[PDB]
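First the structure, in the form of structure tokens, and then the observations on it.
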Amino acid sequence: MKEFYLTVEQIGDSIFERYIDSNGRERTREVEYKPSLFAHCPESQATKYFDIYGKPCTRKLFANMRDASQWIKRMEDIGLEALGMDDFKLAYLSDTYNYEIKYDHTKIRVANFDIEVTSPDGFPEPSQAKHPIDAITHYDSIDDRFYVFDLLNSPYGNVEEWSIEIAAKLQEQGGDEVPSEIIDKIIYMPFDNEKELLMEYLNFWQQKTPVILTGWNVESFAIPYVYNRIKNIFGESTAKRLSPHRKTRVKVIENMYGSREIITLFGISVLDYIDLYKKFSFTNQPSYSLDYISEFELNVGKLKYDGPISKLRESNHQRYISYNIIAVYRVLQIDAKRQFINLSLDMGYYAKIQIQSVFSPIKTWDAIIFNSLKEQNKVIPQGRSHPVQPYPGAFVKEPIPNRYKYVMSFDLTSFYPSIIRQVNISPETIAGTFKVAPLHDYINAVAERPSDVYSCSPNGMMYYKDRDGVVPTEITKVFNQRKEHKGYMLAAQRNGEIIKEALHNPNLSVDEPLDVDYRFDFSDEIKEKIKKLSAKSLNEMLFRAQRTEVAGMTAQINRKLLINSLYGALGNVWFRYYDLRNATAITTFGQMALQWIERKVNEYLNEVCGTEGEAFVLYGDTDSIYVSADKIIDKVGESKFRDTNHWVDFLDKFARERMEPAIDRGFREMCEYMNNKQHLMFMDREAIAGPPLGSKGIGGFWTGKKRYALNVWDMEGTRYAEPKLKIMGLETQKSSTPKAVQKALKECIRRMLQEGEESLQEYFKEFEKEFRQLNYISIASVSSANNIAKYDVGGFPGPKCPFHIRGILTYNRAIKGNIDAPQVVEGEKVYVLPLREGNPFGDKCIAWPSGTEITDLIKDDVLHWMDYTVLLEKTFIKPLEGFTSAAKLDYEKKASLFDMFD
DNA sequence: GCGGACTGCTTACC
Ligand SMILES: Cc1cn([C@H]2C[C@H](O)[C@@H](COP(=O)(O)OP(=O)(O)OP(=O)(O)O)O2)c(=O)[nH]c1=O
Ligand SMILES: [Ca+2]
Ligand SMILES: [Ca+2]
Ligand SMILES: [Ca+2]
Ligand SMILES: [Ca+2]
Ligand SMILES: [Ca+2]
Ligand SMILES: [Ca+2]
Ligand code: NA
Ligand code: NA
């Protein structure tokens, strides 16, 4: 096989590289890299290098890397540009690996670990590291083993060895329910004392030095605590053994009171899974405890234990260790589903960066573009200092707040990247400019054709139609990867519905789940068998179909993020190719493209459906149009339909065979208008919404911009077994909205759209009645908690103190001085509850860390003074009033003169 | 007292 790097670092005039050789062995080489930078030279001076603009450049080799840096600084003083890749690690990887990297992940040592630190002094600050580490579970992906380091003797209690026999038993058997599939992969190691533990961990660390280091909050807690604990005990020199190059860097962001440190272990790529999750999951959770996320992602039970964590080791050391092992495994399970590690490796080796740089799309694109330009023997420009400037973006149509029975939406495939490719927008493809007419002139085609020679954007920019651009070239390749993975995803979704249909007629028999590749559509042979299988087989297949879809989702939605982030990078002053001319060219073209096709779609419908002058497009956001399909249905009449599935098939056929061609013609013309390089405005049909046939449901409604709900039957080819609700922006979709209210509001909407007003009022009356019996957690609001100290004036709310921040200050007073009572962490999210007047807490509300039960110290008191009617009004009533008034409905039966009867 | 205009904060949707 071909060789591939693992981690690269720059230390002085040396580059430290860990890599896998052509035989598969992990090695480490120190290279005194001689980097080359460039400078402009006379046109006379013959050369092989030219900048992206065609200006000749002379290559300049350097004795070492510090020399290349001192030269960059000297060129600045002179006021001349120093071209080339300034980040020498990237240039080295580019040189050393001048080919597409095919990596073997089984050769990459990915390490998952978690530590336990017992502390009566509240949360054990990693900077201080004053409490003994009493447990470490460390999973190694090469060995496929869980290495457990267990401290039996501590100043905070002496315990017996942990039993793997008891750990394997069910909770109900007094066991700990460690998953049986890892029982044989656990390697247990007890220790007489902490020094022996920590020293044995260090030697284990060296024999199996992790390349990728992940876990839950390992960067924020585990890593800095282990580093600082070892430093306090064995001195810094030993604490540096965590780095394979013995070099670490302690970045200080102490954050007011206390000390927060950002420890960087050179030679190791740390990918904290909480950071991978926040960037790549595309969810917003009310809590980010591993327990909460595990339950959300895996549908597993919450790791239950009796007392506080600070006493779990002494009271139940057996469970203490078991939960530490399980926690490590939980992250592995989440990754097996989400596959963020795999995505990071993909993006990492594709771009040729340090793996941990996948968090930075700008670094990612800097490397991709640089490597692309390096092959054509081209020299990249120098990064410049730019001032930030506010510039506009997408167009959002203001909707008329109302109900909408039949709705059909259309969306443009990868809008902004397509625009980049269509117009050939790139730093080096700029041809010139032109005098612009107001945007509506181009939209209405009243303006004059900008150019007959170049590709144009209505922001005034012109680009070459015949030259290939680095940005369009590289964005196209990643986009092609995205289209591939989305196809796999959607096929699994289509197969997902197929299983859900067969689950209506399960076949009582003992069978095994069929061996199919869910990334591809089911064959007729496989389809036929599906309707002849049991429930044990079908439900297992539904699981695998969804795991395939999730794997496809991760792959497609994050390559989508990467390419959209390239557009965004063009508007960031830290990007090497920052250029508002290009950034605006994208957005302004985008604004034109949308409102152009709004007019074109209106015209095609007004005549072909008779009534001319009526607005069919009711809403639009950036690149979508929501078409009112009432008149389309009425032109045939609803009577000519067998069932709901019939007219859904009808519109599906109507949009596919009639609408889309007209839209294509509209974008063919616009492409010609702007004289673009290639037509790539592909608007396919999105959703098909409407009430079930012959029902009293309203189908859908809008309350305003980015706030609507639709009863959808088909979405991008996928025909749902049961109609799925498409809700955007409404309170049901916000993490700040309490769980029970999310359900209640959603059920209100479902009835609103599917069943009608009468059903809504029936469910409303019932919910209001039983509302007060809901668990307090499920009806607590959620909010991020920033700048707490900023609003903390002597334990009391300062001026303009936010509601939730007020709730926190109330909480701090209620648990004053009482250590071991959980503290609210600056930046994390909190649950919020209103309090009735005259409560002993002395404030409008209270707040405590989300994902947790409020401390027993005050829990019983809080449950009493909960203001239910306030919760009902603010969180449930008020948003529901918004929905109903907009759709012109009532959640409560109004008073009539008929009320005078019995 | 209390609603309307404004601002800070949070969280959604492209
Ligand atoms: C979601 C999102 C969109 N956008 C911009 C660029 C997108 O082209 C435009 C529309 O995004 P979307 O229409 O939501 O998705 P997409 O068009 O990019 O690709 P597809 O629809 O096939 O899934 O909005 C961003 O800049 N950043 C984002 O995070
Ligand atoms: Ca723990
Ligand atoms: Ca159980
Ligand atoms: Ca000993
Ligand atoms: Ca789109
Ligand atoms: Ca869209
Ligand atoms: Ca099409
Ligand atoms: Na972090
Ligand atoms: Na069947």
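Protein chains get the first letters and strands the later ones, always in sequence-line order, with residue 1 at the start of each.
Contacts between residues 797-806 of chain A and DNA chain B, defined by a heavy-atom separation below 4.0 Å, involve A:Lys800, A:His804, listed by number.
Following rounding to the nearest Å, A:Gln742 (CD) and B:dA12 (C1') show an atom-to-atom distance of 13 Å. Distance A:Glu826 CD to B:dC9 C1': 13 Å, rounded to the nearest Å. Atom CG in A:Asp411 sits roughly 15 Å away from atom P in B:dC13 (whole-Å rounding). Regarding A:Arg707, its CZ atom lies at a distance of 20 Å from the P atom of B:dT10, rounded to whole Å. Between the CD1 atom of A:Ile788 and the P atom of B:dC9 there is a distance of 13 Å, rounded to whole Å. Rounded to a whole Å, the CZ atom of A:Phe415 is 15 Å from the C1' atom of B:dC13. In this entry the distance linking NZ of A:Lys560 with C1' of B:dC13 reads 10 Å, nearest Å. Straight-line distance from the CG atom of A:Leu730 to the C1' atom of B:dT11: 13 Å, rounded to whole Å.
A salt bridge links A:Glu716 with A:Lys486: the closest approach of a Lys/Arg side-chain nitrogen to an acidic carboxylate oxygen falls below 4.0 angstrom. Salt bridge absent: A:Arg656 and A:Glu660 never bring a charged side-chain N and a carboxylate O closer than 4.0 Å.
Contacts of A:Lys844 classified as salt bridge (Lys or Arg N to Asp or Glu O under 4.0 Å), with partners at least two apart in sequence or in another chain: none. Applying the ring pair (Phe, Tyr, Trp, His ring centres under 6.0 Å) rule to A:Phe395 yields no partners; only residues at least two apart in sequence or on another chain are considered. Here A:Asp843 pairs with A:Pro797, A:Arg806, A:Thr810, A:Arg813 under the side chain to side chain contact (heavy atoms under 4.5 Å, CB included) rule; sequence neighbours left out. Not counting sequence neighbours, A:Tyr791 has no partner by the side-chain hydrogen bond (donor to acceptor under 3.5 Å, both in side chains) test. A search for ring pair (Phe, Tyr, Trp, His ring centres under 6.0 Å) contacts involving A:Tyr567 returns A:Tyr416, not counting sequence neighbours. For A:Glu297, the side-chain hydrogen bond (donor to acceptor under 3.5 Å, both in side chains) test picks out A:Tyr277, A:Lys337, A:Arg338, with sequence neighbours left out.
Comparing B:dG8, B:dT11, B:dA12 against the side chain of A:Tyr791 picks out B:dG8 as the nearest. Of all nucleotides listed (B:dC13, B:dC9, B:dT11), B:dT11 comes nearest to the side chain of A:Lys829. You'll find that the side chain of A:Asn787 is closest to B:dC9, out of B:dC9, B:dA12, B:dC13. Comparing B:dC13, B:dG8, B:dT11 by their nearest atom to the side chain of A:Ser784 picks out B:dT11. In the set B:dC13, B:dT11, B:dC9, the nucleotide with an atom closest to the side chain of A:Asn284 is B:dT11.
One finds no side-chain N or O of A:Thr622 lying less than 4.0 angstrom from the OP1 or OP2 phosphate oxygen of B:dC13.
Expressed to the nearest 0.5 Å, how far OH of A:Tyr776 lies from CG of A:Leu833 amounts to 8.5 Å.
No contact: A:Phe395 has no heavy atom under 4.0 Å from any strand.
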Tabulated below should be each protein N or O lying under 3.5 Å from an N or O of nucleotides 3-6 of chain B; please produce it.
none

Going by atom type alone, with no hydrogens or angles, which donor-acceptor pairs under 3.5 Å involve a side-chain atom of residues 584-592 of chain A and a protein atom two or more places apart or on another chain?
residue	atom	partner	partner atom	Å
A:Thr584	OG1	A:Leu580	O	3.1
A:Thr587	OG1	A:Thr584	O	3.2
A:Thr588	OG1	A:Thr584	O	2.7
A:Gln591	NE2	A:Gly393	O	2.6

